[PDB]
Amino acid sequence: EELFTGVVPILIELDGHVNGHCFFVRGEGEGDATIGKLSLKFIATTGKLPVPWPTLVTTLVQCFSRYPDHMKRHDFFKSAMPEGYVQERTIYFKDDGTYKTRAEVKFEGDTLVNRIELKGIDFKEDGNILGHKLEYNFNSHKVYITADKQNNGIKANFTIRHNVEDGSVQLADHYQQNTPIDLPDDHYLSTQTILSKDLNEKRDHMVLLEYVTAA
């Protein structure tokens, strides 16, 4: 709780391998967990990414979600601090390839840091992902959390809707395990996101603003 009153600096570092391709992504910014606001800039320090930016958005700190006082007792992510929880995920793109990921989220000094390993496999050649055919926007989604207990963590479930350029939609099935390095009765996070760019950046990048509240 108290480690998130005020505004906290965020550092996100990603390690990506998809179909033999390679990338590293670094993001700075800050979060305000008392109103659920995130602001972040990400740079692909290894030139043009091999996947479209919005596939990585879900993957790149839920501990910045806003919990109503009446729900403060059900916030897992904050309870596991300043020590760090591990976020594990599996992501199926329908009829297109998979992401499997592991991440440690923890405080380092006064910075909340999130360090991430990613593998991406079986992704179709010139499918929507490897073919960069998704629109550069993000939609709203609900993230259904539930207790794990038998491994002192939480699980999660949601489906991301991706806008394809022609007008169809790429579905991305997420499964999630978090585990500490507290338990919540079944609720969900309501997520809202805006993908932008910075007209004074040359490098390849993404600006991201986002609001999340629990219900």
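Sequential numbering from 1, following the sequence displayed.
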request  = Would you mind checking whether any residues of the deposited sequence sit unmodelled between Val164 and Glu165, and how many (none, 1 to 3, 4 to 9, 10 or more)?
outcome  = none
message = What does the record say about the segment between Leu60 and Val61: how many deposited residues are without coordinates (none, 1 to 3, 4 to 9, 10 or more)?
response = 1 to 3
ask   = Which has higher Cα B-factors on average according to the PDB entry: 145 to 153 or 25 to 33?
value = 145 to 153
remark   = Looking only at C-alpha temperature factors in the entry, 126 to 134 or 113 to 121, the higher average sits in 126 to 134
task = Kindly indicate the residue among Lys106, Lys100, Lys78, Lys94 with the greatest C-alpha B-factor in the PDB record.
result = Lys94
ask   = If you rank every modelled residue in this chain by C-alpha B factor, which third holds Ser65: lowest, middle or highest?
value = lowest
note = So, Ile181's CA B-factor, relative to its chain, sits in which third? The middle
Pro54 - Cα temperature factor, lowest/middle/highest third of chain = lowest
message = Per the entry's values, where does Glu201 land by CA temperature factor relative to the rest of its chain, in the lowest, middle or highest third?
response = middle
ask   = By the record's CA B-factor, is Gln192 among the lowest, middle or highest third of residues in the chain?
value = lowest
